[PDB]
Amino acid sequence: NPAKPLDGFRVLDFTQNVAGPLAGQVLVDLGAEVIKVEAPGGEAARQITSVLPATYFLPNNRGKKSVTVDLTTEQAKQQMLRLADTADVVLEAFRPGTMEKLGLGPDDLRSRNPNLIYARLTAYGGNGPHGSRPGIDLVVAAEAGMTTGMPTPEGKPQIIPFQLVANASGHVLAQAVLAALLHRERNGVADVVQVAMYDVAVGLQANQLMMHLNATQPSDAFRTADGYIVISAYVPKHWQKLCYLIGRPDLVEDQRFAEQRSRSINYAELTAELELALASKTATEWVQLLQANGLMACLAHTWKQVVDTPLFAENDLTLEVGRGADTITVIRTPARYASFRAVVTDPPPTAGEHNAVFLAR
Amino acid sequence: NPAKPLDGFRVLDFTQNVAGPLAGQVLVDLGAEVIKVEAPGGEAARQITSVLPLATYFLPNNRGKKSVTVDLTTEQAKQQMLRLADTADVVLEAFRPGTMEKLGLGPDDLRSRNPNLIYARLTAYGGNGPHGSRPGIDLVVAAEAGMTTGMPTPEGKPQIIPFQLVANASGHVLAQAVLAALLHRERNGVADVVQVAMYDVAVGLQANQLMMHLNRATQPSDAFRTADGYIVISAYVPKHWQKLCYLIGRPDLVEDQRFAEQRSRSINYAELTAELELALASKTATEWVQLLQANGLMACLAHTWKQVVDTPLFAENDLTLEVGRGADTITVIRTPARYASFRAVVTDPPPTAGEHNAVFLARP
Ligand SMILES: [Cl-]
């Protein structure tokens, strides 16, 4: 078995739910030893099994070790202190100021261990009174303005039905941890790392938020004879090729849509004109025509459809964990490497599985 | 100036638009020297501007970088790139699959000459076969990955998320892989080839949702109607759920067979929403948010982007930085990760196209 980037490193994962464990999952896939620190009875996400025939817990805790502990007790605190002494990285995703209360804060652990990298993941940053609140993917996203510009028939704010902020924050946190490890390796500095879910959500909208601190058409989903097609062809070469393929050469030199900046302003009329031409063929027919001509177009798939597409199978996105009846298919982490496989087939640990190994007597 | 993790490393950035350059932007903030390789006249994204002159997709992702203008089709250009690659630690490319191989600048071409070079490829669909060979952009890749699922629109058209979620997420993932590769080289002496697909990232962002269809809740957690406006509440945990029922004056809901258990609340979400909104009718959304937040529950208003930039929390986090000299500056948002021992920020403006041609294209 080939060497991995993080072989020999030890991580203490004090995190729960999605964002924090996902970062740990990435570190596991890169070969680190990641030990979950859970409350008695295991992490609460373990019991949140909304599937019957473990959604949040299972895909993010493969190959991890586990210790179970009651951080109310002094005994526990001392065990964590001794365990932290042997750790390279500590991951915590509690409310700001929580870890300090437990006596396991940055100053507490780093005083004992000068090689320890301390990574903190919070909802809002904890840089002041406003950032002290606890948060979750839904609340953080809405507060960061991710519902903006999306109208609903009921007038209700659009809720994005997947954990976009939490999953993105996990990769950003893992990114920062890897950066800190490089910083320690090259410059001999064991740093304190901070990632805020709010900051990550703001970064995902940065181009749009930029306009208020100081689009590009055609790029939308268009109605056809049957179904919808998603087309992106705003550059002059593609925009022109598009007009020819749909049989509308007049649109190319049309004063409303002649210039790129002009198309964006007159998006409403542009949509009407395009959908008028697209009425000739079904969305499937249009997609095949445009793709053959090198234009960017596709169908808007559902989740059920996506897993069944040839492209999905082509990218080797899934792996199986467990022995037989309890074998579940999970999605791998996205980054791929040539010299090793960034995946682990070992299942998640039972709560406190490694208490004997890691907790001092 | 304190040391940064990538001081002394050199990166060749062949990428365009958002996803690729953002990864380079991350490397710049971490102290790496990143050189843009652009076509004559510069990157195409440099021209996508707004009215006051703000390149929305170029400016925030190319701060502190260096630029080299060149026509990769010519033999002279290829040779200059080969010499330039010899001095590089990392090569970033975001072209269509098979493009670099055609130009003679593929992984095998560069790594044969330079054995320490890390080759990073970012594609739309992975290029692992015929289906993944197509070019793509944030919008198209997201829609194909199923991101329009479950969101109703007035027109009945698929819901288009109005920001580049996939491109921005892919940028951080690509930077993540590059940093991992650099660690791999330092510790194991291996210079690897790393591949990141925007489609794979988009799939990963929906991992929890797609997972259900691969093996064929948590209420209350939604946006709720009040007397005035909507409130976003997340309180499915028994501790939060009980306190929520108390604060809204509905103790009956706690042991109500319909909503007693957490699984029951998930199944009967429709009736629960009706019950909750009946209680929330008493006060405006703003009044409810302050009450719940004071009691430690997770709740907020759904802000617009315009509202978001004016909030105290936004200013508290030092999210913005100004690029340029004096009054001639444009405000941009920084990369998210923060570090205590250094400042992951560069205030330098982007280079002009071909600004460093004299420095790097030689002919001294
Ligand atoms: Cl395969």
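Residues numbered from 1 in each chain as written, not as in the entry; some residues may be left out. Chains lettered and ligands numbered in written order. Heavy atoms only, no water. Residues with missing side-chain atoms left out of burial classes, pairs and counts.

Deposited coordinates in this entry are attributed by the record to X-ray crystallography, at a stated resolution of 2.504 Å.

The name that the PDB entry assigns to chain B is CoA transferase, with the source organism given as Mycobacterium tuberculosis. Recorded under Sequence similarities, the UniProt text for chain B is reproduced unchanged: "Belongs to the CoA-transferase III family." (UniProt positions renumbered as here; feature names shortened; annotations may be inferred.)

Where the PDB entry is consulted, chain A appears under the name CoA transferase, with the organism given as Mycobacterium tuberculosis. One UniProt comment on chain A, placed under Subunit, says "Homodimer."

Chemist: Got a minute to help me understand the overall build of chain A in this structure?
Modeler: Looking only at helices and strands, one finds 15 helices and twelve strands in chain A. Considering only C-alpha atoms, chain A reaches an extent of 80 × 50 × 45 Å along its principal axes. (Helix = DSSP H or I, 4+ residues; strand = E, 2+ residues; numbered from the N terminus.)

Chemist: Explain the domain arrangement of chain B here, please?
Modeler: Much of the literature gives interface size as the accessible area that the parts lose upon coming together. All names here are of chain B. According to the domain assignment, chain B contains domain 1 (1–222 + 304–364) and domain 2 (223–303). Taken over C-alpha atoms, the centre of domain 1 sits 41 Å from the centre of domain 2. Facing eleven residues of domain 1, the contacting portion of domain 2 comprises 18 residues. Put simply, the parts of the chain that give the side of domain 1 that touches domain 2 at least two residues each are β7 (221–225) and α13 (305–309). (Domains from an automatic or database assignment. Contact = heavy atoms within 4.5 Å.)

Chemist: Even after reading the chapter, I still don't get the packing of aromatic side chains, so can you show me in this structure?
Modeler: How two aromatic rings sit relative to each other is given by the distance of their centres and the angle of their planes. All names here are of chain A. One pass over the full model with this rule turns up four aromatic pairs over all chains. Ring geometry for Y124 and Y198: centres 6.1 Å apart, planes at 50 degrees, overall tilted. Pair noted here: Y124 is in the loop between β5 (117–122) and α5 (137–143) and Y198 is in helix α7 (residues 197–204), with a separation of 74 residues, a long-range link. Overall, the relative accessible area of 0% leaves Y124 in the buried class. Judged by relative accessible area, which is 1%, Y198 ranks as buried. Seen from their ring centres, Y337 and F340 are 4.6 Å apart, and the 20 degrees between their planes marks the pair as stacked. (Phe/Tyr/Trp six-rings, centres within 6.5 Å; stacked < 30°, edge-to-face > 60°. Buried < 20%, exposed > 50% of the residue type's maximum accessible area, 1.4 Å probe, protein only.)

Chemist: Looking at this structure, how should I read the state of the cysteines?
Modeler: Disulfides are covalent bonds that link the sulfur atoms of two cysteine residues. All chains considered together, the criterion is met by zero disulfides over all chains. No disulfide involves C298 of chain A; its sulfur sits 19 Å from the nearest other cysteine sulfur, which is in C243 of chain A. Take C298 of chain A: its relative accessible area is 2%, and that puts it in the buried class. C300 of chain B provides the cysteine sulfur closest to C245 of chain B, a residue in no disulfide bond, and the two sulfurs are 19 Å apart. In this structure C245 of chain B comes out as buried when scored by relative accessible area, which is 0%. (Disulfide = S-S within 2.5 Å.)

Chemist: How should I be thinking about unusual backbone geometry in this particular structure?
Modeler: Excluding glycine, residues mostly carry a negative phi; peptide bonds, for their part, are mostly trans. With an omega dihedral of 10 degrees, the bond running from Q217 of chain A to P218 of chain A counts as a cis peptide bond. Of note, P218 of chain A is situated in the loop between α8 (206–212) and β7 (219–223). In the Ramachandran plot, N17 of chain B falls in the positive-phi region, its phi being about 65 degrees despite a non-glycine side chain. On the secondary structure map, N17 of chain B appears in the loop between β1 (10–13) and α1 (19–29). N17 of chain B gets classed as partly exposed once you look at its relative accessible area, which sits at 35%.

Chemist: Sorry if this is basic, but what is going on with the domain arrangement of chain A here?
Modeler: Residues and elements named next belong to chain A. Partitioning chain A into structural domains gives domain 1 (1–220 + 302–361) and domain 2 (221–301). The C-alpha centroid of domain 2 is placed 40 Å from the C-alpha centroid of domain 1. Counting from both sides, the interface comprises eleven residues of domain 1 and, opposite them, 18 residues of domain 2. A combined buried area of about 1,000 Å² lies between domain 1 and domain 2, and 55% of that area is made up of carbon and sulfur atoms. Of all residues in domain 1, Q217, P218 and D220 bury the most surface against domain 2, accounting for 61% of the area lost on that side. Our count for the domain 1 to domain 2 interface comes out at zero salt bridges. Here the side of domain 1 that touches domain 2 takes three residues from helix α13 (residues 303–307), the largest share from any one element. Of the residues belonging to the side of domain 1 that touches domain 2, the class tally is four nonpolar, six polar and one charged. (Buried area = accessible area lost by both parts, 1.4 Å probe. Salt bridge = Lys/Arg side-chain N within 4 Å of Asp/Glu carboxyl O. Nonpolar A, V, L, I, M, F, W, Y, C, P; charged D, E, K, R; others polar.)

Chemist: I'm lost on the interface of chain A and chain B in this one. Help?
Modeler: The interface is formed by 129 residues belonging to chain A together with 131 residues belonging to chain B. Top element by residues in the side of chain A that touches chain B is helix α6 (residues 164–187) of chain A. It accounts for 16 residues. Classifying every residue of the side of chain A that touches chain B gives 74 nonpolar, 39 polar and 16 charged. Judged from the two bridges that link them, strand β12 (residues 336–337) of chain A and strand β6 (residues 193–197) of chain B form a sheet pairing that is antiparallel. For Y337 of chain A, the partnering residue across the bridge sits in β6 of chain B and is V194 of chain B. (Pairing = 2+ DSSP bridges.)

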